[PDB]
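As structure tokens, the structure follows; a few thoughts come after it.
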Amino acid sequence: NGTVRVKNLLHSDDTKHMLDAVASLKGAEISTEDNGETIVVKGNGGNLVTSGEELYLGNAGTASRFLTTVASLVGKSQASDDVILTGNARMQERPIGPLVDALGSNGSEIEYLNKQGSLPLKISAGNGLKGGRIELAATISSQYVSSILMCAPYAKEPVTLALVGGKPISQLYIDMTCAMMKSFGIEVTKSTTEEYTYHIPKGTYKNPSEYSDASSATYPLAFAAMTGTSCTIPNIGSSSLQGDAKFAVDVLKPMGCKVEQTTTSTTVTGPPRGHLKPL
């Protein structure tokens with residue numbers, strides 16, 4: 001719910017497909033401000049309906065996985081009783097069966113248009129998701145877990161998402177999804193007895209009025225150590241879900257650099273040259 005001005009978006013071909021797909025559903029209104037730098041997203045609290053136009057996703061793998069679950073939330077319209085998700089030849093060969101399986105088990109009606117098991121699919125609209133317990137094999141892509149997590153607050157009953165049959169190998173991306181959900185007002189909790197079962201409350205995100213890559217952000221901060229200047233990265237701090245956000249306090253701080261780290265800002269300051277401390 002509400003209008004959010006999104007800043008510092010990565011503009012690639014894959015995120016553009018996500019933009020135009022999102023804007024394609026009736027209910028989400030996307031525009032650009034500040035000469036294209038800011039993306040303005042006015043959500044309407046999950047009240048999406050079919051536009052009758054298929055969602056072409058190119059070969060945007062992650063987008064196809066996230067939007068397949070979004071599509072399972074969509075309501076019917078005079079345009080169509082279905083949402084169609086398509087892509088290019090390589091998309092129509094990528095497997096998505098683990099996600100389709102889980103959604104089907106939760107009441108979704110999904111048909112593979114041509115290649116069964118490995119292709120962007122079609123979803124019956126007006127069903128929503130039943131909620132309750134949803135199992136996924138722990139061995140699958142974390143993107144399948146993230147995809148279900150983000151739409152789970154919109155199920156008809158609170159969701160328990162249980163990862164079974166082992167341990168996931170990319171837990172950090174599941175944690176990132178969970179942390180971003182919290183910033184948008186929904187807190188995922190974990191089972192006390194199962195490390196990879198997630199309890200997602202039923203509710204609606206509240207969009208902040210405003211909302212980088214920390215690994216590549218290390219190079220301007222590391223530049224500031226070798227002449228002694230000040231460089232600041234304005235969207236990563238201690239609260240950042242990424243793993244390389246600790247780089248200012250863990251390695252640059254014991255090197256003899258004095259750090260203005262807030263929860264969003266990250267500013268380093270170097271000593272004069274020839275005085276850096278060996279760790």
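Chain identifiers are assigned as A, B, and so on, following the order in which chains appear in the structure tokens; residues are numbered from 1 within each chain, and ligands are numbered from 1 in order of appearance.
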
Those in stretch 141-265 of chain A with alpha helix (DSSP H) from DSSP, as a PyMOL selection string: chain A and resi 142-151+171-183+218-223+247-250

Spatial neighbours of residue A:24, 9 Å, only C-alpha atoms, chain gap at least 6 places, as an mmCIF file with C-alpha atoms, in the first residue's frame:
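This went into out_11.cif:
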```cif
data_model
loop_
_atom_site.group_PDB
_atom_site.id
_atom_site.type_symbol
_atom_site.label_atom_id
_atom_site.label_comp_id
_atom_site.auth_asym_id
_atom_site.auth_seq_id
_atom_site.Cartn_x
_atom_site.Cartn_y
_atom_site.Cartn_z
ATOM 1 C CA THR A 50 -5.462 -9.594 -15.490
ATOM 2 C CA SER A 51 -4.671 -7.157 -18.301
ATOM 3 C CA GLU A 53 -1.478 -9.159 -22.289
ATOM 4 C CA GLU A 54 1.046 -11.916 -21.738
ATOM 5 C CA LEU A 55 4.042 -11.008 -19.567
#
```

DSSP on the backbone: which residues in stretch 17-253 of chain A end up as strand (DSSP E)? Give the answer as an NGL selection string. :A and (29-33 or 38-43 or 55-56 or 82-86 or 110-111 or 122-124 or 132-137 or 159-164 or 189-190 or 197-200 or 230-232)

Tell me, as a VMD selection string, which residues lie within 12 Å of residue A:219, counting only C-alpha atoms; anything in the same chain fewer than 2 positions away does not count. chain A and resid 213 to 217 221 to 226 231 to 233 244 247 to 248 252 268

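The residue that comes closest to residue A:27, out of A:73, A:149, A:162, A:60 and on the basis of only C-alpha atoms, is A:73.
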
Selection: 8 Å around residue A:113, only C-alpha atoms, excl. self and same-chain fewer than 4 positions, as an NGL selection string: :A and (119 or 121-122)

For a test of reading the model, state the distance in Å between atom CA of residue A:38 and atom CA of residue A:264, rounded to one decimal. 18.2 Å

Distance query residue A:118 at most 7 Å, only C-alpha atoms, self and fewer than 2 positions along chain excluded, as a ChimeraX atom specification: /A:92-97,115-116

Save the residues we just selected, N, CA, C and O atoms, as a PDB file, in the first residue's frame?
```pdb
ATOM      1  N   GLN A  92      12.161 -20.743 -22.267  1.00  0.00           N
ATOM      2  CA  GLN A  92      11.271 -21.873 -22.483  1.00  0.00           C
ATOM      3  C   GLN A  92      11.976 -23.213 -22.352  1.00  0.00           C
ATOM      4  O   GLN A  92      11.369 -24.253 -22.646  1.00  0.00           O
ATOM      5  N   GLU A  93      13.240 -23.206 -21.928  1.00  0.00           N
ATOM      6  CA  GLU A  93      13.989 -24.413 -21.631  1.00  0.00           C
ATOM      7  C   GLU A  93      14.453 -24.463 -20.177  1.00  0.00           C
ATOM      8  O   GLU A  93      14.891 -25.523 -19.712  1.00  0.00           O
ATOM      9  N   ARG A  94      14.300 -23.375 -19.432  1.00  0.00           N
ATOM     10  CA  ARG A  94      14.699 -23.352 -18.029  1.00  0.00           C
ATOM     11  C   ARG A  94      13.641 -24.035 -17.160  1.00  0.00           C
ATOM     12  O   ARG A  94      12.448 -23.754 -17.314  1.00  0.00           O
ATOM     13  N   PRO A  95      14.034 -24.923 -16.243  1.00  0.00           N
ATOM     14  CA  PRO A  95      13.042 -25.592 -15.383  1.00  0.00           C
ATOM     15  C   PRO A  95      12.465 -24.654 -14.341  1.00  0.00           C
ATOM     16  O   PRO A  95      13.166 -23.816 -13.769  1.00  0.00           O
ATOM     17  N   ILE A  96      11.165 -24.824 -14.066  1.00  0.00           N
ATOM     18  CA  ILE A  96      10.500 -24.065 -13.017  1.00  0.00           C
ATOM     19  C   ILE A  96       9.542 -24.978 -12.248  1.00  0.00           C
ATOM     20  O   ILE A  96       8.770 -24.516 -11.400  1.00  0.00           O
ATOM     21  N   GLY A  97       9.622 -26.287 -12.514  1.00  0.00           N
ATOM     22  CA  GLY A  97       8.709 -27.236 -11.913  1.00  0.00           C
ATOM     23  C   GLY A  97       8.579 -27.229 -10.405  1.00  0.00           C
ATOM     24  O   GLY A  97       7.471 -27.426  -9.888  1.00  0.00           O
ATOM     25  N   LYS A 115       6.410 -26.724 -23.502  1.00  0.00           N
ATOM     26  CA  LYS A 115       7.373 -27.636 -22.831  1.00  0.00           C
ATOM     27  C   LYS A 115       6.942 -27.839 -21.377  1.00  0.00           C
ATOM     28  O   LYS A 115       6.951 -26.860 -20.611  1.00  0.00           O
ATOM     29  N   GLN A 116       6.569 -29.068 -21.015  1.00  0.00           N
ATOM     30  CA  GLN A 116       6.072 -29.304 -19.631  1.00  0.00           C
ATOM     31  C   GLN A 116       7.240 -29.434 -18.651  1.00  0.00           C
ATOM     32  O   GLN A 116       8.203 -30.162 -18.971  1.00  0.00           O
TER      33      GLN A 116
END
```

Measuring atom to atom with only C-alpha atoms, identify which of A:182, A:207, A:235, A:59 is nearest to residue A:4. A:207

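Closest approach to residue A:57 from the set A:152, A:19, A:79, A:28 is made by A:19, with distances taken over only C-alpha atoms.
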
Name the residues in contact with residue A:209 at a cut-off of 9 Å, using only C-alpha atoms, excluding same-chain residues fewer than 2 positions from it; report them as a compact mmCIF listing (two decimals) with N, CA, C and O atoms, in the first residue's frame.
```txt
# COMPACT_ATOMS: atom_id res chain seq x y z
N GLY A 2 0.46 2.24 -0.79
CA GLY A 2 1.11 3.53 -0.81
C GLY A 2 2.08 3.67 -1.97
O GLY A 2 2.42 2.71 -2.67
N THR A 3 2.56 4.90 -2.16
CA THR A 3 3.49 5.23 -3.23
C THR A 3 4.91 5.27 -2.68
O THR A 3 5.17 5.94 -1.68
N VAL A 4 5.82 4.55 -3.32
CA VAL A 4 7.22 4.50 -2.91
C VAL A 4 8.08 4.98 -4.07
O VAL A 4 7.91 4.54 -5.21
N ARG A 5 8.99 5.90 -3.77
CA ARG A 5 9.97 6.37 -4.74
C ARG A 5 11.23 5.52 -4.57
O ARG A 5 11.89 5.58 -3.53
N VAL A 6 11.53 4.70 -5.57
CA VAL A 6 12.63 3.75 -5.51
C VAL A 6 13.87 4.42 -6.10
O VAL A 6 13.82 4.90 -7.24
N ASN A 207 4.28 0.34 2.06
CA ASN A 207 5.38 0.88 1.28
C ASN A 207 5.92 2.12 1.97
O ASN A 207 5.15 3.04 2.25
N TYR A 211 12.47 4.23 -0.88
CA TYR A 211 13.26 3.04 -0.61
C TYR A 211 14.50 3.10 -1.48
O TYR A 211 14.40 3.19 -2.70
```
